[PDB]
Every structure is written in structure tokens, then in C-alpha cells.
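To keep things clear, I will list the structure first and then write my remarks on it.
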6 protein chains.
Amino acid sequence: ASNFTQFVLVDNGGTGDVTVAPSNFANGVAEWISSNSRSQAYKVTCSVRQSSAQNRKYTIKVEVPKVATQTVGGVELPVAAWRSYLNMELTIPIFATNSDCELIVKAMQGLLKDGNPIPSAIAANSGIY
Amino acid sequence: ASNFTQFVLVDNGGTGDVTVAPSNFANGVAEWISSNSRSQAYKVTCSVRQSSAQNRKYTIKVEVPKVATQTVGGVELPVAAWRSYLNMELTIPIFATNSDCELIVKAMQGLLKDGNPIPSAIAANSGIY
Amino acid sequence: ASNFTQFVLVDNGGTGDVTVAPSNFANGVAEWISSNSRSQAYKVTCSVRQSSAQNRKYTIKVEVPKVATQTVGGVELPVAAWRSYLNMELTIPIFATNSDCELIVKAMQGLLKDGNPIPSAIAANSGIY
Amino acid sequence: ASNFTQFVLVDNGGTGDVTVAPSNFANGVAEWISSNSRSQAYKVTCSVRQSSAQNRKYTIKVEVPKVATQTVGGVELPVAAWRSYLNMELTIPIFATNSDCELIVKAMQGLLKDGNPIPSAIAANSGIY
Amino acid sequence: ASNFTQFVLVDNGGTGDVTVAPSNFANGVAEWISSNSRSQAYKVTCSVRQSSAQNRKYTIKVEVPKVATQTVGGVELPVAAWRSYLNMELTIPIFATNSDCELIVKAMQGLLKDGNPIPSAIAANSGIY
Amino acid sequence: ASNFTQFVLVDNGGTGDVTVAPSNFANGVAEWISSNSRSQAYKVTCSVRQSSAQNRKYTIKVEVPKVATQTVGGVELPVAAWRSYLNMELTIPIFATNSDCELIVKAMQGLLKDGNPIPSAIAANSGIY
RNA sequence: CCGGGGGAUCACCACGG
RNA sequence: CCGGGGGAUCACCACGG
RNA sequence: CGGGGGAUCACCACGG
């Protein structure tokens with residue numbers, strides 16, 4: 001098949017859903033963007049490299065924009081008031097089997113499950129305590 | 001409310017679940033670990049700081065053990081061959097409201113939802129194609 | 001046990017209460033922040049140190065914001081029109097027992113009790129007369 | 001009308017109350033002192049000034065003594081074994097209305113309310129934890 | 001839960017018991033002190049660090065004071081005639097499981113059990129022979 | 001009386017107890033070890049000296065083997081991965097009476113009593129939180 | 001290339017290795 | 001950072017790596 | 001360490 005497909009980044013229950021689609025693979029960096037002007041789009045990038053002799057490194061990036069309409073020179077333009085940036089690096093040893101890797105994915109999913117500590121703190125503009 | 005509580009990191013459907021619990025709070029850095037030797041434990045740390053004048057920044061770290069052919073409670077060397085490391089840094093502009101932050105969390109959840117490109121690639125020991 | 005938890009900074013009956021929650025505790029400085037936009041949040045910090053041979057010194061800071069919306073270029077952001085800054089330093093000799101400290105706290109509470117000179121002047125943009 | 005009057009600094013039920021009375025108001029600095037030996041008295045001072053173009057600044061000071069008798073050469077005098085010194089500075093922009101100031105006072109009162117982190121730590125010779 | 005709780009350091013059978021409580025966690029050093037003036041208090045501190053790549057180090061400190069009342073400048077002050085200092089470092093490899101660690105705790109407890117060699121010598125102001 | 005006798009280091013309720021016995025007295029340093037190869041033994045050494053004019057100092061050392069997955073009588077390398085080291089230094093001012101010293105011992109016993117913070121943390125492969 | 005609860009305007013930058 | 005049956009007024013100091 | 005020294009508030013300059 002091919003895993004370079006579009007997926008929904010922000011699930012808002014069928015309405016207001018932010019879906020992101022493949023837009024580039026130049027230089028080994030897979031890119032996805034929302035159906036917007038490049039200045040207001042959601043961006044997701046991913047890449048893998050054999051960082052060392054004995055392990056691989058996945059580098060993922062996500063950009064969440066705060067869309068706005070700005071007036072520059074008396075003209076209105078679609079812009080982003082600001083952006084939130086997520087940068088993550090995952091280092092996996094070459095000795096990890098597929099089951100070993102599913103474990104990693106499940107842990108990451110559990111980490112952000114609704115109601116858990118971390119996602120709770122982030123959504124409330126607070127720390128852990 | 002007080003979010004520093006134990007939670008399920010790896011959900012294996014009730015049986016075989018991996019729970020992670022509070023183990024340290026030195027220097028504001030919250031830590032959680034599973035019931036294992038520190039060399040084979042699942043570790044999670046989180047912390048927030050004001051990186052700059054306009055940004056707040058969360059640093060989240062997760063360590064996952066290689067389980068295939070593992071010897072529980074044994075000395076496994078080299079350490080690098082038996083562990084995966086996840087480094088996450090989330091930058092959020094100071095103008096983000098709680099709602100904005102909820103959306104950011106949703107985006108993170110969507111990025112790793114089962115069946116999506118990234119988690120599928122990682123779990124299959126592969127890249128994008 | 002822990003006193004690094006959330007508390008009510010401004011008691012407005014039981015609804016419009018301003019609550020402040022732990023956010024960061026790095027380098028011996030505990031920091032509390034109210035929810036939502038960090039740009040419009042109340043901030044409280046506290047620290048203790050041995051200022052000298054016989055003295056222990058507390059440094060407390062509080063920031064009260066004037067919530068407002070800033071529109072520029074048609075782009076509006078949540079900001080603080082201005083902030084009120086309170087900085088206080090309390091020195092207590094190492095000979096002070098717990099009873100001595102309870103008294104010091106009572107004095108601070110009395111100084112600001114409703115109806116007394118100091119709080120009355122501040123609440124009215126006035127000085128002493 | 002006058003707010004330069006005596007008030008209760010330490011409320012000990014209704015008997016061992018520490019009352020502080022006007023003593024001097026020279027050079028824009030109001031001073032209150034408790035009765036009896038000046039050497040063992042509680043002291044409170046307050047002043048306001050225009051720290052800058054947009055800011056008005058309050059400077060408040062409080063001294064809590066540790067009453068004791070000093071014998072030297074067979075001659076005993078009433079003195080203060082030591083003193084606890086509180087110095088606070090409050091800055092309020094000239095745009096603050098009376099309501100804004102009432103709020104600032106509420107915040108100060110809340111910060112020191114019985115049971116909250118700060119007063120609890122001080123009353124126990126402790127810091128934050 | 002939280003293990004940062006108060007505990008009794010010196011058990012004297014319900015009467016004359018020296019109990020110690022949490023008082024600080026600044027800079028990752030957990031501190032406990034007895035309910036005394038800071039100049040006469042019992043002190044207990046603890047901290048963990050990943051000393052090397054393959055092991056952790058616990059650093060514990062205990063201070064036992066000999067309380068006295070000293071007359072400085074004709075005034076009486078609560079002081080400590082002298083202090084006994086206990087400094088201990090415990091290095092545990094990361095490969096140690098929880099059971100491996102309970103073993104360490106039991107050994108330390110056995111080492112100081114009433115009647116055993118070491119505690120006997122210490123309490124008699126003598127060496128081993 | 002002559003305290004250099006064997007004793008129970010690890011009390012496992014009669015069955016599975018670890019006894020440690022006198023094995024060396026070279027240079028005034030008393031040593032005790034369990035019945036194992038020196039690479040897997042429980043070791044205890046103790047010594048007293050006058051560190052300075054006003055202080056006497058006890059140096060106590062304890063070595064505990066990692067037991068999980070251990071191979072009795074086998075060659076286990078690296079040595080650092082299979083052993084925990086405890087270093088204790090107790091400083092007692094020359095004015096301490098036998099009674100004073102008994103209290104010091106009690107404090108040490110209390111610090112490590114079952115259920116208290118420190119032993120609980122160590123046994124759970126964790127820190128304070 | 002590796003490191004940091006280093007920074008960013010975010011596939012970039014500085015520092016230390 | 002590591003070491004000492006190095007020292008302390010005890011989260012510090014000196015020395016050797 | 002000082003100031004009824006200032007701030008955009010754990011920063012800044014002047015004083016020892």
C-alpha cells in the first residue's frame with residue numbers, strides 16, 4: 001500500500017474537523033497541511049534517519065495556527081495571529097521488534113488520553129501538582 | 001485539582017496493563033515510573049516553564065523498555081540496546097486560552113490515533129512511502 | 001504533605017473567585033498562575049533563603065492584571081492593559097519559634113484587615129490623612 | 001475625616017490585642033507605634049509617591065519585636081531581643097479605578113488568608129514543598 | 001499518594017517524642033524539621049540524583065541538637081550547645097529491582113537494631129573490640 | 001563487654017535470614033561478612049576516630065549484593081552492576097554523654113523505621129514527591 | 001554527529017563536546 | 001563528576017584524579 | 001548588604 005495518506009488531526013465529531021493531507025516529500029521530509037492558505041495552514045512533518053549505528057530517530061513536527069485576518073496597508077490578508085509548535089524526537093534501538101514498537105505507540109497514546117495528568121494540565125494552562 | 005496521580009500508560013485491555021505512578025518531584029519536574037528496576041521501567045517526566053517573553057514551554061520525556069527477550073530483573077547491557085527515548089517539547093504562545101489549549105491537545109491525540117500514518121509507520125519499524 | 005497546591009487568591013463570594021494553581025518550582029522559586037491566557041493571568045511567586053547568619057528571608061511577589069483585548073491590524077489578542085505589582089520581603093531571625101511566627105502572620109493579617117488605615121487608603125486611590 | 005488613627009495590628013481575641021497609634025507624620029511618612037517602651041514597640045509606616053509618569057507607589061513597613069529584658073551590670077532595661085522586618089512596595093497605574101483598587105486589596109487579603117500556602121509556610125518556619 | 005510526610009524521628013514512647021515535618025523542597029532537597037526555633041530544630045534532608053550513567057545516589061543528612069539557653073549581651077536566646085551530624089550516601093545500581101532495594105532497607109535496619117554491635121558501641125562512647 | 005560478634009543483618013523472620021560475622025580487624029577497622037564469595041557477600045565495616053579537637057567520628061560502610069537473577073558462586077561482571085554501597089559518617093562532639101549518644105542512635109533508628117518516608121522511597125526505587 | 005526541564009519567528013540558531 | 005577509616009561551624013571546604 | 005531608588009517586575013543603575 002502506502003502510509004502517506006491524509007488523516008484527521010483534530011477530531012471535532014464530523015463537524016469542524018481539521019483534516020490534513022500529503023503535500024510534500026522533498027528531501028525525505030514527509031509533509032501534510034490542512035486545506036488552507038499556506039499562511040493559515042496546520043502543518044505536520046515527519047522523517048526517519050539512522051541517527052547512530054545502533055538506532056533510528058523519528059523527528060515529528062506539528063504546527064497549530066490561531067487564524068486571523070490582518071489589515072496590512074489598508075488591505076485584508078489571511079494570517080495566523082500566532083502558532084503553537086510541537087517538536088518531538090523518538091529514538092528506537094534497531095533491536096526493537098514490531099511488538100516492541102507497538103508498545104511505544106500505545107504508551108504515547110496512553111500519555112495523552114483524555115483525563116490523564118499531562119493532557120489535563122496542558123488544557124488548563126497549569127503545571128502538575 | 002491535583003493532577004499528579006498514577007495513570008495507565010499502556011492499555012492492554014485490563015489484563016497486562018502498564019500503570020505508571022508518581023516517583024519524584026524534585027525541582028518541579030514531575031516523574032512517574034512503573035514497578036520495575038529503574039533499568040527496565042517505563043518512565044515519564046513533565047515540566048513547564050516560560051521559555052521566553054511570549055512563549056510557555058512544556059517538556060515531556062518518556063522512556064520505554066525493549067520487552068522482547070527481556071530478562072526480568074536482570075542486568076542487560078548495553079543500556080542503549082534495551083531502551084527507546086521520546087523527547088517532546090510543546091511551545092504555546094502566552095495568548096492561548098484554555099480552549100486554544102484543548103484544541104492543541106486534540107491535535108496531539110489525532111496525530112497518534114490508531115491507524116494514522118505516523119503511529120502505523122513507527123509500529124511497523126518503517127518510514128513513509 | 002504539600003503546601004505547593006492551588007488556593008483562592010481573590011475571594012469574590014463563591015463564583016467570580018480567582019484561583020491560582022502551581023505552575024513551576026525551579027531554582028527555589030515557587031510560582032502559581034491563574035487559568036486561561038497566561039498573558040492575562042494573576043501570578044504569585046515565593047521563596048526563602050538564609051539572607052545572613054541569623055536571618056531567614058522570604059521574598060513574595062504578586063501581580064494583578066487589568067484584563068483587556070488588544071486590537072491591532074484587525075487582529076485581537078487577550079492581553080493585560082496594565083499590571084499592579086506587589087513585592088514584599090519578610091526577615092525572621094532563626095531564634096523565632098513557631099509561636100513567634102504565628103504572631104508575625106497575625107500582624108500581617110491585621111495590617112490589611114478591612115477597615116484599617118492601610119487597606120482603606122489603597123482601596124481608595126488615597127494616601128494617609 | 002481621617003484614616004491616620006489607631007487600629008488593631010494583632011487581633012488576639014479581644015484582650016492581648018496589639019494596638020498601634022499615630023505617632024508622627026513628617027515628610028510624607030505616616031508612622032504608628034504601639035504603647036509603652038518605644039524600645040519594645042511594634043512599628044508601622046506608610047507612604048505614597050508618584051514613582052513615575054503612570055505609576056503611583058506605596059511603601060509600607062512593619063516591625064514585630066521579640067520582647068525581652070536586658071540585664072547588664074545589674075541594670076535591667078526593656079528591650080527587643082530581635083525584630084522581624086516586613087517591607088512591601090505596591091505599584092498601581094494611574095488608570096486604576098476604585099474598583100480596580102478594591103480588587104488589588106482583595107488579592108492581598110487572599111494571599112495571607114489562614115490556611116493558604118504563604119501564611120502557612122511562614123507560620124511554620126517553612127518554605128514551599 | 002505522597003511520601004513527603006511527617007514522621008517521628010525519636011520514639012520515646014508517646015511522651016517526649018521528637019516528630020519531624022516537611023518544611024522545604026527547594027532545589028530538589030527534601031527537608032524536615034522539628035517543631036522548634038530554626039536554631040534549635042532537628043533537621044533531616046534527603047535527595048536522589050542519577051550520579052552516573054548506571055546508578056543512583058541517595059544523600060541523607062540528619063542533625064541532632066543539644067538545646068540550651070544562652071545569654072548574649074544580657075539577653076537570653078534559644079540556641080544549641082552543639083550538634084551531632086549524620087551524613088550518609090547510598091549508591092544503588094539501576095539494575096536493582098524493588099525486592100533488591102527492600103534488601104538494602106532491611107540491612108540498614110538490622111545494622112542499627114538495639115543490642116547489635118554498632119549501635120551498642122555508639123551508645124557507650126566506645127569502639128568495637 | 002566485647003561487641004565484635006556476629007549478628008543478623010537481614011531479618012527475614014528466622015527463615016532466610018542473613019547473618020554477618022567477624023572477618024577482619026586490621027588497622028582497627030572491624031569487618032563482618034556473610035558466607036559468600038567476596039563478590040557476592042554482605043559486608044559491614046566500622047571504625048571510630050577523633051576527627052578534630054572537638055569531634056569524634058564513626059565511619060560505617062555496608063555493601064549489599066543485587067540478588068535478582070544472581071548466579072550463586074558465579075562470576076558476575078561488571079561488579080558495579082551487582083552491588084550497592086552505603087557510606088555513613090557520624091560526627092559526635094566530645095561533650096556527648098552516653099545518654100546523648102543513645103538519643104542519637106534512636107534518631108537513626110527512627111529515620112529508617114518501616115513505613116517512614118526515606119525507607120519507603122528507597123524500597124520503591126523512587127524519590128520524594 | 002552527540003548533549004541541555006537551551007532559544008525560535010519552527011526542518012532553524014547559539015553554546016558545550 | 002569520581003576518590004579518601006579527608007575536615008567542618010554541616011546541602012560546605014581543601015586535596016588528589 | 002542599603003535606599004519612602006526605577007521597572008515592562010525573580011529585572012536594572014547609583015551606594016558599600
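Residues in the C-alpha cells are named by chain (A, B, ... in the order shown) and by number from 1 within that chain; ligands are numbered from 1 in the order shown.
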
Review point. What residues in chain B lie within 12 Å of chain G, counting only C-alpha atoms (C1' of nucleotides), written as JSON, numbers by chain?
Key: {"B": [26, 27, 28, 29, 30, 31, 45, 46, 47, 48, 49, 50, 51, 52, 53, 54, 55, 56, 57, 58, 59, 60, 61, 87, 88, 89, 90, 91, 93]}

I need the chosen residues saved as an mmCIF file, in the first residue's frame, with N, CA, C and O atoms.
data_model
loop_
_atom_site.group_PDB
_atom_site.id
_atom_site.type_symbol
_atom_site.label_atom_id
_atom_site.label_comp_id
_atom_site.auth_asym_id
_atom_site.auth_seq_id
_atom_site.Cartn_x
_atom_site.Cartn_y
_atom_site.Cartn_z
ATOM 1 N N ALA B 26 11.351 16.457 42.442
ATOM 2 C CA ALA B 26 12.496 17.325 42.645
ATOM 3 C C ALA B 26 12.606 18.378 41.548
ATOM 4 O O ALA B 26 12.512 18.067 40.364
ATOM 5 N N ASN B 27 12.793 19.626 41.966
ATOM 6 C CA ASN B 27 12.944 20.763 41.062
ATOM 7 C C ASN B 27 11.773 21.063 40.151
ATOM 8 O O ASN B 27 11.960 21.612 39.067
ATOM 9 N N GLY B 28 10.568 20.717 40.587
ATOM 10 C CA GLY B 28 9.397 20.982 39.772
ATOM 11 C C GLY B 28 9.166 19.977 38.657
ATOM 12 O O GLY B 28 8.125 20.006 38.002
ATOM 13 N N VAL B 29 10.130 19.092 38.422
ATOM 14 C CA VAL B 29 9.976 18.079 37.385
ATOM 15 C C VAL B 29 9.247 16.861 37.951
ATOM 16 O O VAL B 29 9.775 16.151 38.805
ATOM 17 N N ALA B 30 8.026 16.634 37.475
ATOM 18 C CA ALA B 30 7.222 15.507 37.925
ATOM 19 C C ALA B 30 7.681 14.235 37.229
ATOM 20 O O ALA B 30 7.951 14.239 36.027
ATOM 21 N N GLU B 31 7.767 13.147 37.987
ATOM 22 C CA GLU B 31 8.195 11.871 37.435
ATOM 23 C C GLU B 31 7.263 10.733 37.837
ATOM 24 O O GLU B 31 6.732 10.709 38.949
ATOM 25 N N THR B 45 8.364 11.944 32.557
ATOM 26 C CA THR B 45 8.641 13.180 33.292
ATOM 27 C C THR B 45 8.003 14.333 32.529
ATOM 28 O O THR B 45 7.887 14.290 31.305
ATOM 29 N N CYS B 46 7.584 15.360 33.256
ATOM 30 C CA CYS B 46 6.938 16.505 32.638
ATOM 31 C C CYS B 46 7.274 17.788 33.390
ATOM 32 O O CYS B 46 7.471 17.768 34.602
ATOM 33 N N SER B 47 7.344 18.902 32.670
ATOM 34 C CA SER B 47 7.644 20.185 33.297
ATOM 35 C C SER B 47 7.265 21.356 32.395
ATOM 36 O O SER B 47 7.277 21.236 31.171
ATOM 37 N N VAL B 48 6.911 22.479 33.014
ATOM 38 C CA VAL B 48 6.531 23.683 32.283
ATOM 39 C C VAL B 48 7.415 24.838 32.689
ATOM 40 O O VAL B 48 7.853 24.933 33.833
ATOM 41 N N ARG B 49 7.659 25.730 31.745
ATOM 42 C CA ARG B 49 8.474 26.894 32.014
ATOM 43 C C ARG B 49 8.151 27.965 30.994
ATOM 44 O O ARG B 49 7.555 27.687 29.951
ATOM 45 N N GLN B 50 8.521 29.196 31.313
ATOM 46 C CA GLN B 50 8.306 30.302 30.400
ATOM 47 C C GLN B 50 9.624 30.425 29.642
ATOM 48 O O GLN B 50 10.568 31.037 30.137
ATOM 49 N N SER B 51 9.696 29.826 28.456
ATOM 50 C CA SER B 51 10.923 29.840 27.660
ATOM 51 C C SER B 51 11.367 31.240 27.268
ATOM 52 O O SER B 51 12.564 31.540 27.227
ATOM 53 N N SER B 52 10.398 32.095 26.975
ATOM 54 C CA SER B 52 10.683 33.464 26.583
ATOM 55 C C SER B 52 9.509 34.357 26.951
ATOM 56 O O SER B 52 8.537 33.906 27.552
ATOM 57 N N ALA B 53 9.597 35.626 26.580
ATOM 58 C CA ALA B 53 8.553 36.584 26.901
ATOM 59 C C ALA B 53 7.179 36.229 26.358
ATOM 60 O O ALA B 53 6.176 36.429 27.035
ATOM 61 N N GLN B 54 7.133 35.697 25.142
ATOM 62 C CA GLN B 54 5.862 35.361 24.511
ATOM 63 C C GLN B 54 5.466 33.885 24.549
ATOM 64 O O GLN B 54 4.335 33.535 24.205
ATOM 65 N N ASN B 55 6.379 33.023 24.981
ATOM 66 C CA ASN B 55 6.096 31.595 24.994
ATOM 67 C C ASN B 55 6.210 30.865 26.319
ATOM 68 O O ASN B 55 7.021 31.212 27.175
ATOM 69 N N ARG B 56 5.383 29.837 26.462
ATOM 70 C CA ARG B 56 5.415 28.958 27.620
ATOM 71 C C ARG B 56 5.835 27.656 26.939
ATOM 72 O O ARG B 56 5.533 27.447 25.761
ATOM 73 N N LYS B 57 6.542 26.788 27.650
ATOM 74 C CA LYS B 57 7.022 25.563 27.028
ATOM 75 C C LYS B 57 6.951 24.343 27.939
ATOM 76 O O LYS B 57 7.413 24.380 29.085
ATOM 77 N N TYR B 58 6.363 23.266 27.422
ATOM 78 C CA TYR B 58 6.241 22.013 28.169
ATOM 79 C C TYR B 58 7.303 21.061 27.648
ATOM 80 O O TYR B 58 7.514 20.966 26.438
ATOM 81 N N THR B 59 7.992 20.376 28.549
ATOM 82 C CA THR B 59 8.979 19.397 28.127
ATOM 83 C C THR B 59 8.502 18.078 28.705
ATOM 84 O O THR B 59 8.352 17.936 29.922
ATOM 85 N N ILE B 60 8.227 17.128 27.821
ATOM 86 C CA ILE B 60 7.757 15.816 28.233
ATOM 87 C C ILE B 60 8.719 14.756 27.740
ATOM 88 O O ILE B 60 9.127 14.767 26.584
ATOM 89 N N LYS B 61 9.091 13.847 28.626
ATOM 90 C CA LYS B 61 10.005 12.780 28.270
ATOM 91 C C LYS B 61 9.397 11.437 28.659
ATOM 92 O O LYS B 61 8.750 11.312 29.703
ATOM 93 N N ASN B 87 11.324 12.400 23.291
ATOM 94 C CA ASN B 87 11.512 13.756 23.775
ATOM 95 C C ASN B 87 10.478 14.643 23.093
ATOM 96 O O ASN B 87 10.425 14.711 21.871
ATOM 97 N N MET B 88 9.651 15.310 23.888
ATOM 98 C CA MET B 88 8.613 16.185 23.359
ATOM 99 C C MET B 88 8.727 17.589 23.928
ATOM 100 O O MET B 88 8.926 17.765 25.128
ATOM 101 N N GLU B 89 8.600 18.588 23.067
ATOM 102 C CA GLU B 89 8.642 19.969 23.510
ATOM 103 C C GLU B 89 7.480 20.679 22.839
ATOM 104 O O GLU B 89 7.383 20.719 21.614
ATOM 105 N N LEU B 90 6.581 21.202 23.663
ATOM 106 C CA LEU B 90 5.393 21.894 23.193
ATOM 107 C C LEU B 90 5.489 23.365 23.572
ATOM 108 O O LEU B 90 5.535 23.705 24.756
ATOM 109 N N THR B 91 5.537 24.227 22.558
ATOM 110 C CA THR B 91 5.622 25.669 22.764
ATOM 111 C C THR B 91 4.252 26.296 22.533
ATOM 112 O O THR B 91 3.678 26.166 21.453
ATOM 113 N N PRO B 93 2.173 29.979 22.801
ATOM 114 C CA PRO B 93 2.200 31.436 22.992
ATOM 115 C C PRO B 93 1.324 31.833 24.188
ATOM 116 O O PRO B 93 0.270 31.235 24.416
#

Point to revise | For stretch 3-7 of chain C: contacts at 12 Å, only C-alpha atoms (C1' of nucleotides), fewer than 4 positions along chain excluded, given as a VMD selection string | key: (chain A and resid 126 to 129) or (chain B and resid 1 to 4 25 28) or (chain C and resid 11 17 to 25 29 to 35 43 to 47) or (chain D and resid 107 110 to 122 124 126 to 129) or (chain E and resid 4 to 5 22 to 26) or (chain F and resid 129)

Practice item. Return as a PyMOL selection string the full set of residues in stretch 6-84 of chain E whose backbone-based DSSP assignment is strand (DSSP E or B). Key: chain E and resi 7-10+18-24+30-34+43-49+55-72+75-84

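Residues within 9 Å of residue E:36, counting only C-alpha atoms (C1' of nucleotides) and excluding same-chain residues fewer than 2 positions away, are residues 96, 97 and 98 of chain C; 125 of chain D; 33, 34, 38, 39, 40, 41 and 42 of chain E.
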
Per residue of chain I within 10 Å of chain D, which atom pair is closest and at what distance in Å (one decimal), using only C-alpha atoms (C1' of nucleotides), listed by chain and increasing number, as a tab-separated table?
residue	atom	partner	partner_atom	distance
I:4	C1'	D:47	CA	6.0
I:5	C1'	D:51	CA	9.6
I:6	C1'	D:51	CA	7.3
I:7	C1'	D:52	CA	9.6

Using C-alpha atoms (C1' of nucleotides), can you write the selected residues to a file as a PDB file, in the first residue's frame?
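Below you can see out.pdb, which holds the result:
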ATOM      1  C1'   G I   4       9.751  56.464  51.258  1.00  0.00           C
ATOM      2  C1'   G I   5      15.956  54.039  44.386  1.00  0.00           C
ATOM      3  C1'   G I   6      13.018  52.861  38.986  1.00  0.00           C
ATOM      4  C1'   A I   7      10.675  48.823  36.135  1.00  0.00           C
TER       5        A I   7
END

Review point. What residues in stretch 38-105 of chain B get the DSSP label alpha helix (DSSP H)? Please answer as JSON, numbers by chain.
Key: {"B": [98, 99, 100, 101, 102, 103, 104, 105]}

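Atom to atom, atom CA of residue B:109 and atom CA of residue A:16 stand 16.0 Å apart.
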
Practice item. Have a look at atom CA of residue F:101 and atom CA of residue E:77 and let me know their distance in Å, one decimal. Key: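 Interatomic distance, atom CA of residue F:101 to atom CA of residue E:77: 25.0 Å.
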
Exercise for review: Kindly give the distance, in Å, that separates atom CA of residue F:69 and atom CA of residue F:84, rounded to a single decimal.
Suggested key: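 Interatomic distance here is 15.4 Å.
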
Review point. Which of these residues is nearest to residue F:123, using only C-alpha atoms: B:67, B:10, B:37, B:78?
Key: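 Distance minimum relative to residue F:123 lands on B:37.
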
Point to revise | Of the listed residues D:15, D:71, D:99, D:63, that which approaches chain E most closely, counting only C-alpha atoms | key: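 Smallest separation from chain E among the options: D:71.
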